[PDB]
Structure formats: structure tokens, C-alpha cells
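Student:
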Amino acid sequence: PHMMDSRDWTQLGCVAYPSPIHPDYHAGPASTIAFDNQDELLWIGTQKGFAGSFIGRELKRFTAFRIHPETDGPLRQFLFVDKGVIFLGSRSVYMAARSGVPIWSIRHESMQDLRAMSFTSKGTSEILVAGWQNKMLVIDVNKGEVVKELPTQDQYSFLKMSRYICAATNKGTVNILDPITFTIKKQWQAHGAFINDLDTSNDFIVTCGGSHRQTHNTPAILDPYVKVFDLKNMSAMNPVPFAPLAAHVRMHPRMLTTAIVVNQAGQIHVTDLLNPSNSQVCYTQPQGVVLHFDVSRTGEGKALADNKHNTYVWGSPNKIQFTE
Amino acid sequence: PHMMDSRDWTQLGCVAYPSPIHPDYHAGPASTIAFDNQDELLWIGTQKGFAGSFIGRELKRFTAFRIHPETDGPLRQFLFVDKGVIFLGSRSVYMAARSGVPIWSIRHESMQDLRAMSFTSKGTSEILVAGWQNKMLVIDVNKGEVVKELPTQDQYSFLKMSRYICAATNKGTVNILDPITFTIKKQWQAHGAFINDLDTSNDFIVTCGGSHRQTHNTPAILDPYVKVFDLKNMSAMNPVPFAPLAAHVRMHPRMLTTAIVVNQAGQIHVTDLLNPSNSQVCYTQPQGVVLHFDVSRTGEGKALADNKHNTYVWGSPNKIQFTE
Amino acid sequence: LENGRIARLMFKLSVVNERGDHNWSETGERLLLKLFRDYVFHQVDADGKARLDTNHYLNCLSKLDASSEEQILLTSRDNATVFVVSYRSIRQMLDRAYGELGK
Amino acid sequence: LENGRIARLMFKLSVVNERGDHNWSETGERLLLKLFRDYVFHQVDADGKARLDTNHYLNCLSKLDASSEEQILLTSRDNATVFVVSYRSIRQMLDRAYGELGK
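As given, the protein sequences belong to chains A, A', B and B', one line each in that order. A prime marks a further copy of an entry chain.
If you use the authors' numbering, the first sequence corresponds to residues -2 to 321, in order.
If you use the authors' numbering, the second sequence corresponds to residues -2 to 321, in order.
If you use the authors' numbering, the third sequence corresponds to residues 539 to 559, 564 to 645, in order.
If you use the authors' numbering, the fourth sequence corresponds to residues 539 to 559, 564 to 645, in order.
1) Could you spell out where the beta strand (DSSP E) holding B:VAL553 opens and where it closes?
2) I need the boundaries of the alpha helix (DSSP H) containing B:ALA639, first residue and last residue.
3) Alpha carbon to alpha carbon, what distance is there between A:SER96 and A:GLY81?
4) When the Cα of A:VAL237 is compared with those of A:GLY86, A:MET231 and A:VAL225, which residue comes out closest?
5) Label A:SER115 either buried or exposed according to how many other C-beta atoms from any shown protein chain fall within 10 Å of its C-beta, with 16 as the threshold for buried.
6) Might you give, ordered along the chain, the residues of its own chain that have their beta carbon closer than 7 Å to the beta carbon of A':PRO176, omitting 5 neighbours on each side?
7) What's the call for B:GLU612, buried or exposed, on a 16-neighbour Cβ count within 10 Å?
8) To the nearest angstrom, report how far apart A':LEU125 and A':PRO241 are at their CA atoms.
9) Hey, how far is the Cα of B:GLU556 from the Cα of B:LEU575?
10) Within 8 Å (strictly less), CB to CB, does A:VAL98 reach chain B'?
11) Output, in sequence order along the chain, the residues in the stretch 566 to 600 of chain B whose CB is closer than 9 Å to any CB in chain A'.
12) Per the DSSP calculation, A:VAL223 is bridged to which residue(s)?
13) Using a Cβ-Cβ distance under 8 Å, would A:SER87 count as near chain B'?
14) How is A:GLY86 classed by DSSP in three states: helix, strand or coil?
15) For A:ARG63, list the residues DSSP reports as bridge partners.
16) Which one or two residues does DSSP pair with A:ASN307 in a beta bridge?
17) Quick one: what's got a C-beta closer than 6 Å to A:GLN282's C-beta in the same chain, skipping five residues either side?
18) Output the distance between the C-alpha atoms of residue 326 of chain A and A':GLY128, rounded to the nearest integer angstrom.
19) Answer with buried or exposed for A':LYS229, where buried requires no fewer than 16 other C-beta atoms within 10 angstroms of its C-beta.
20) For A:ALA302, which of A:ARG4, A:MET1, A:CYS11 and A:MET252 has the nearest alpha-carbon?
21) Quick one: which chain A' residues come within Cβ less than 9 Å of B:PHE625?
22) For chain B', find out if any of its Cβ atoms is closer than 8 Å to the Cβ of A:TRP185; answer yes or no.
23) Under 7 Å between beta-carbons, which chain B residues line up against B':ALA545? List them in chain order, please.
24) Assess, as a yes-or-no matter, whether the stretch 19 to 38 of chain A' is touched by the stretch 284 to 294 of chain A' under the definition of 3 or more beta carbon pairs within less than 8 Å.
25) B':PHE578 and B':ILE632: beta carbons closer than 8 Å?
26) What did DSSP end up calling B':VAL582 once you bin it into helix, strand or coil?
27) Can you look up B:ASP607 in the DSSP assignment and give me helix, strand or coil?
28) Which same chain residues, not among the five before or five after A:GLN8, have their C-beta less than 8 Å away from its C-beta?
29) So which residues on chain A' does B:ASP620 lean against when the C-beta distance must stay under 7 Å?
30) Skipping 5 residues on each side, what residues in its chain have a beta carbon closer than 7 Å to that of A':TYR14?
31) Kindly say whether A':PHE75, judged by its beta-carbon, lies nearer than 8 Å to any beta-carbon of chain B.
32) Mark A:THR197 as exposed unless 16 or more other C-beta atoms lie within 10 angstroms of its C-beta, in which case mark it buried.
33) Is the shortest distance between the beta-carbon of A:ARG112 and the beta-carbons of chain B' less than 8 Å?
34) Where does B:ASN565 land, buried or exposed, given buried means 16+ other C-beta within 10 angstroms?
35) Below 8 Å on the Cβ atoms is my contact criterion, and I expect B:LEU636 with B:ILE544 to pass it. Report the Cβ-Cβ distance as a whole number of Å.
36) When DSSP labels each residue in this structure, what does B:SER567 get in the three-state scheme?
The following block contains the structure:
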């Protein structure tokens, strides 16, 4: 390994969201975070469905609005298209301009406990939504309507489209779904009981997870590695060793064979998948336990949310840009 | 005695106030009622300070509005002048047009537990206000300001100006006050512990009351008579016998030596003070126990409020008018 | 012109109603002006369908501009508060409330 | 004339705001139009004194009439909801809301 030069790695911004004066503060830390693919925005969700957006590395507040009834619970996931942001809750899917101007609202009867969504074979015109339930729904993003309802035997915690729709079940397996037909092409046993994170490029899947979900006998423990799958040749690869215990992972958008791996103490490894021997190590200083992680489209911004309600942006002191 | 011919005596109207759908219903029955001296209005107060006005013998709803903060408690008393209605609560005095348009508001520090007010030597331009406290206040009705504060040793439950200010203490005595100086000219022992009602004409005072206030050993019991005082010659008169127990009394505005006496079951005697042998007897049909009583300026309307929240108007079936 | 007059009364009505926030007279005046606003702009039919009527808005505002002595019935949602009050009185109350905000 | 135009937008704004009472988009649109009303008519200084400014009312309403692309910052009392939105977008939302009431 090799330590990171402070001239390349520093804390660029921080925000408390939800802060103590926020109506959702009582309900807990952020539920999810994601870099927008435009306008230099980072989006943060609350446990009751507030969405907050923040500009640039200093996380200047931009817009904020609730995207479903607060009884619906956590904001589960963001997706981004040219017209606006798509927001997923357990009971509904919402789309609004980045201004906060409503675009459409879908609250379908088969939306009982949605957890995940992804694009499909149609660019940004269509999404697949699923969760801990035995139905999936296909949504026309332009019309803002459900166009198809599908049965599923496996329940999903994550979905992401790259070469295929990579679908993490709540049992720790990954289904690789045909993006046109949604049929399972291949099942991959990633972790024993759960997947805490999934990312994918056109050539790889990477996951973090563990062997058992939480009981009163045993806390859920994360694995000392990232699991890796070759999407090009459809076979498993050697795992990436990660002794600090791998909680989150993102593929580097510019270094195409490289993964960014994060543990709950905010320790980060930037590691080439093809040879793990050379990885850059750096540390962040989260107040609490790291709960969420994302990387910007340029690769220059790294965001981490902790269980003390902080979200941090780290990166180079040298004029970073989130997209373009 | 002589019974009343039904062609001269019938129930003309009724209203529930506060009714079950009124915000003050939970707090109890009416706190006071009084005929206006114009516009054919009857005014009813609630235990939280709502004032409701009702038109004519059929008690058609007119206006309604709260006259003090609801934590101030009951609307204690009304008074009427050309410009509007004066409303008394324990902590304040309020004046509004009959429309509900506010005229003035007085919330003086010495208003701790006001119970009563009356006009003074200045027609309708000035009022005296007092209660279960050792201060009295004089208010300019035109300017809507306190002009004088006075000490008092006796605490008052009723005040009314006729020839003098007749002032019922909360101990059952009546002080006759000079209307110009407010000094006590004479004290009259009316009842043993309390006065439930007082009325006066230029020639008489009449009261209802009893010998003991309520304890857990003994309910407050009303006296089997109305007490009578000669205001012209300043001496007590023979009481008016009233076996049904006298709860309320009003001087008849047209029959000048006649009193209208009411028991809690709604039995009414119309009795000449100078010779009680000839009195007209009639009955009303209150649902509950009668709590308040008034007579209109013409003498033609009789109003009774009961503890079941009803207010009734009784009188002749032949086109009655409340004033003029 | 008359349009200018109506517009100016609209400004005042909008400014005084539903703000953030002493004596009890103030409480009644605030409520009365809010119920007036509802009488003008929030009429509903039986079954509570919105009754849109530009002529009703113009007529009410014209009567306000002219301080008409015509009396109108203003009632709270719960029917507890009931005012029977002239446009003249409402106009005076509106102008005073607006004036007091400028102080 | 321009006064007539302003007056008509005022009618619509008054009618759609603080009524009695389906989908989640409706909730956001209602809130946005209420916060817009507050931006125009309920400005306060530091220490919360009412800032009366007829020119501000005229300028905002003129920009609404013209569907200006100028963006304004609308915030809820508790600072939880924040919109950054153009007059053009607000105008479109107002006209749609008013139209839907007529149905």
C-alpha cells in the first residue's frame, strides 16, 4: 500500500443532515446519499423521506423537500436524469425537478416495500423498481406511469444497470438480469446472508456484505473483503482483501479497473481489481460510524455519511468538479 | 294565586347554547343570559367566554364571538349601550358592536377576578367593575379606559344601578352605594351566606339567596322567599313568600311594583310586592335545572337557561316584542 | 383604474392575512379579515366543490372599494364565530390593520 | 390594464391558497404556491418587523405576469423546505391549480 499525500486528499466540506433543527432529526441519520450527474449536486435522504441537495465541495445548501408522506419511512434511493431526480420510497416513486417543482408521482398498489431501482435497456426513459416483495414494476420515466408488473421469486435490496441489471437479493446473492426481458441469466453467491453495498461497471460487479443478519446473539458482521464478478466473461473473480472490513464500494469512474473501498471507521482503499498489491490508502475523520458512501462522476469527489448525521466530502484541495 | 291562560303563556323559542358541536360544550351550560335593549337580541355566554346573540322570540342565530382568552373562564355579565355590548370576564372587560366588530379591550392588572359591573351616575358613559378581589375599577365607556381604581373591603357578586348602585357581596349582604362617590350609604342583610340573584328598580331591591354555601356536608340551599328592600325610603320590606324556593328574580319593567320570581324547576310567580296575595302562577318545561333568568325591556319576553344547555323564551303567542 | 383600485385593496388583504403574529380586539379583527377573505375567494357549493366566479370577486372588491353599507355573513369553519358586518366596517378594519403594519 | 393583469393574477393566487383541501405532487405544488405568496406579501426584516413595499408587490407580480426566468428562493418557516424556482414555473403551477379548481 501507499499513503495519500495531503495535497491530494483533504476534507472539503461537511453538513449535518438532518440537523437538530430538522423535523426528521429524531428519526435518525441519513438513509442514503448520491452524487447527481449534473449541477454539482450531492443528494441526501432522511429516515422520513426528506431530500436535501447541496452544491459543490463545500456542500452549500440548494433545495430541500419531502418526497413522500413521512409515515412511508426512509428515502431509499436516488436516480438522476436530464429532466430531474427520481426518488424511491417503500410505497411510491416520485420525480421532481432539481428546483423542487413536481414532475410526477406514482403510488401503485403493488408498491408495498420497494427498496431499489435501476435503469433498464432504454437509457434513461425507463426504470425497474423492486424490493422486499414478490412483485416488480416497470415505469416509463417520460410518461410517469407503470407500464408493466412482473412477478419475482427473489426479493431485492439493490438494482443497478451497467451491461446487465445487477440485482442484489436480500439473501446475499446477486442475480444478473437481462435488461430487455428481466430474466435471470446467472446467479452469483456473493455473501452469506446480506449485501450492504453493490456497484457495477460494464466489466465488473463489486459487493460488500456478510454471513449473518443481526440477531440478539450476534451483530451483523461485515466480510474482510470485497466480492468481485467479471461481467464481460460472466464468472467470479478473486475477492479483494480488505482487513478493515468492507462496508461500501464504488467503481472508479475514470480508473476503469479500480474500486474504492470503505470501512465503517472511514478508512478508504483505492485498489486496482486486477492486482490488489498496489492500493492507495487514506483516512477520513468521521464523527460516527460510516453508513453511506458515493463517488462523483469525475471521480474527484468522495462523500461519506455517518451515524451522527454528518455528511463529508473529501478529495483534492486542487479545484475539484463533481461532473463534466 | 291564579293560573296562566295558555293564550297568554307559551314556549316561543329554544336554543342549545353551547350545543354539542360548539367548542365550549365540554365546559358546561350557559354562564349568563341577558336581553339586549335593542334589536330584539338575547345574549348568552359560555363557560369559556363565547358570546352568542339570538333574534326574536324564535331565537334565530345572529352573531357569535369569543370575548376573552378561553383560559379566562366564564362570560360573567353583559351590559348594553347604544354603540354596542359590554362583556365582563374575570380578567378583562370587552366592548364590541353587536356585529362583532371590536370597539375596545381592557385587560388591567387589577382585574384578577371580576364578577360584576354596573352603570354609575353618568348614564351609559361610565361603568363600575368589581368582583372577588379588593379593588374596583371605574371605566370610561366612551374612551375605553380605566379612569379610577378604588379599594373595597367587601367583595361583590352583583352590581346594578337604579337610584343607587346596589351591590351584592359574596357574603349575602347588599351594600347600597352612592353612585357619585361609591361610598356605602347603607348595608342590608339579605341572606345568610350568598345571593344567587339581584335586581332593582328605582324604588326596590329584590334578591334570591341562601344561608350557607356548598360543602361536602351540605348542598347550598335556596331560601323560600325573595328578600325585598325599599329604595325610596331606605328600609327593609316584608319578604315575598315563595315556597318553591326562590332562585331568580326580576322586577317587571312595566308593572312597577311587581316582581317575577323563578324556582329551579322553572315555576314562575308574577307577584305584586305590595301585596303578595294576588300573584299569577305559570310553569315552564325546562329539560334541566334552571340556572339563569331574564326579562325583556317590554316585559313581554321571559328567558330561562338550564343546566342541560337549553335557553328558552316564554311569553304570549300574540306578537311579542323584546324592546320599544 | 378601477382595476388599479381593486389591485391595491388586494395587496392590503394579502399582506394582512396569515402572517406570523397584544390586546383582544386584535384577535377579533384578524379573524374577521380572514373570514372576509374566505367569503370572497373560497366559496363552495353544497358538497364543497370550489365555486370559481370572477364576477363575485369583482363585486365583493368593488363593494369594499365603495365602503358599501351592505352587510355580509362571515362564519368560521366550525360555525362558532359568526359576524354580520358591512363592507364599510371591513374596509375600515383592513386599512387600519395595513396602516399598523407600516408602524 | 397592466393593473387589470395584476388583479387577475391576484384573484388566482388568493383563490388557490389556504382552502380546505390526492397524489404527492399536489402537496408540493400547494406548498410552493403558499411560500410564493409569503415571499411576495410577508417579507420581514431582521427582528421580524413587517416590510411593507408596494414596489416589491408590483415587481413580483409583474415578473409572474411575464413568466420571468428569474429564480427565487422560497423557504418554509422551519427552513426544512427550500425551493429555488422561476417565476415562469410558478406561473405555470398557479394557472394549472386554478384551472383544476374549475373542474
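C-beta atoms are modelled at their ideal positions from N, C-alpha and C, and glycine is treated no differently.
Tutor: Put simply:
1) Your numbering for residue 553 of chain B matches position 15 in the third sequence. Element bounds for B:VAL553: not the beta strand (DSSP E) but the alpha helix (DSSP H), 540 to 554.
2) Here residue 639 of chain B is taken as the residue at index 97 of the third sequence, counted from 1. Looking at the DSSP string, the run of the alpha helix (DSSP H) that includes B:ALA639 is 629 to 643.
3) Here residue 81 of chain A is taken as the residue at index 84 of the first sequence, counted from 1. Here residue 96 of chain A is taken as the residue at index 99 of the first sequence, counted from 1. Their Cα atoms are separated by approximately 9 Å.
4) Taking the first residue of the first sequence as position 1, residue 237 of chain A is located at position 240. It is A:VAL225.
5) What you label residue 115 of chain A is simply residue 118 of the first sequence in a count that begins at 1. A:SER115 comes out buried.
6) The residue given as residue 176 of chain A' occupies position 179 in the second sequence. Excluding residues within five positions, the ones whose Cβ falls inside 7 Å are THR117, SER118, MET158, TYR161 and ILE162.
7) The residue labelled residue 612 of chain B in the question sits at position 70 within the third sequence. So B:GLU612 counts as exposed.
8) Looking up residue 125 of chain A' in the second sequence gives position 128. Looking up residue 241 of chain A' in the second sequence gives position 244. Cα to Cα, A':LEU125 sits roughly 34 Å from A':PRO241.
9) For the purposes of this step, residue 556 of chain B is identified with residue 18 of the third sequence, where counting begins at 1. For the purposes of this step, residue 575 of chain B is identified with residue 33 of the third sequence, where counting begins at 1. Near 10 Å, if we compare the C-alpha coordinates of B:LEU575 and B:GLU556.
10) Residue numbering aside, residue 98 of chain A sits at position 101 when the first sequence is read from its first letter. Interface residue, yes.
11) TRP566, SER567, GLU568, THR569, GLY570, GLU571, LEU573 and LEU574
12) Counting from one through the first sequence, the residue named residue 223 of chain A turns up at place 226. A:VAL223 pairs with A:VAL237.
13) As a position in the first sequence, residue 87 of chain A is number 90, starting the count at 1. The beta-carbon of A:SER87 is placed no less than 8 Å from the nearest beta-carbon of chain B'.
14) To locate residue 86 of chain A, count along the first sequence from 1; it is residue 89. Residue state, collapsed to three classes: coil.
15) Residue mapping note: residue 63 of chain A aligns to position 66 of the first sequence, counting from 1. Note: A:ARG63 sits in a beta bridge opposite A:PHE47.
16) The sequence position of residue 307 of chain A within the first sequence is 310, counting from 1. BP columns for A:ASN307 point to A:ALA13.
17) One-based indexing of the first sequence puts residue 282 of chain A at position 285. If we look at A:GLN282 and ignore the five residues flanking it on each side, it has no Cβ neighbours.
18) Chain A is shown only over -2 to 321; residue 326 of chain A falls outside these bounds and no answer can be derived.
19) Locating residue 229 of chain A' in the second sequence gives position 232, counting from the first residue. So A':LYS229 ends up on the exposed side.
20) Sequence index remark: in the first sequence, residue 302 of chain A carries index 305 (1-based). Of the listed residues, the one whose Cα sits closest to A:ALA302 is A:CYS11.
21) Counted from its first residue, the third sequence places residue 625 of chain B at position 83. Correct list: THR60, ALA61, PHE62, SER96, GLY97 and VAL98.
22) In the first sequence, the residue the question calls residue 185 of chain A occupies position 188. No, A:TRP185 does not count as interfacial toward chain B'.
23) On the fourth sequence, position 7 is the one that residue 545 of chain B' refers to. Ordered by position in chain B, the residues that pass the 7 Å Cβ test against B':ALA545 are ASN541, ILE544, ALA545 and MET548.
24) Yes, the stretch 284 to 294 of chain A' touches the stretch 19 to 38 of chain A'.
25) Residue numbering aside, residue 578 of chain B' sits at position 36 when the fourth sequence is read from its first letter. Residue numbering aside, residue 632 of chain B' sits at position 90 when the fourth sequence is read from its first letter. Result yes, Cβ atoms of B':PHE578 and B':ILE632 sit closer than 8 Å.
26) Translated into the one-based positions of the fourth sequence, residue 582 of chain B' becomes position 40. Of the three classes helix, strand and coil, the one that applies to B':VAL582 here is helix, per DSSP.
27) Here residue 607 of chain B refers to the residue found at position 65 when the third sequence is read from its first residue. Of the three classes helix, strand and coil, the one that applies to B:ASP607 here is helix, per DSSP.
28) By one-based count along the first sequence, residue 8 of chain A stands at place 11. Hits under 8 Å: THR281, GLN282, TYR309, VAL310 and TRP311.
29) For the purposes of this step, residue 620 of chain B is taken as the residue at position 78 of the third sequence. Residues of chain A' passing the Cβ test: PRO20.
30) Within the second sequence, the letter at position 17 stands for residue 14 of chain A'. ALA27, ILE41, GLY49, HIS306 and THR308.
31) Taking the second sequence and counting its residues from 1, one reaches residue 75 of chain A' at position 78. Answer no: the Cβ-Cβ gap between A':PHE75 and chain B never drops below 8 Å.
32) Translated into the one-based positions of the first sequence, residue 197 of chain A becomes position 200. Per the 10 Å Cβ criterion, buried.
33) Looking up residue 112 of chain A in the first sequence gives position 115. Cβ-Cβ to chain B' under 8 Å: no for A:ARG112.
34) As a first step, residue 565 of chain B must be located in the third sequence, where it is residue number 23. That one is exposed.
35) Here residue 636 of chain B corresponds to residue number 94 of the third sequence, with the count starting at 1. Here residue 544 of chain B corresponds to residue number 6 of the third sequence, with the count starting at 1. Not a contact, Cβ separation roughly 13 Å.
36) By 1-based counting over the third sequence, the position of residue 567 of chain B is 25. Correct three-state label for B:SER567: helix.
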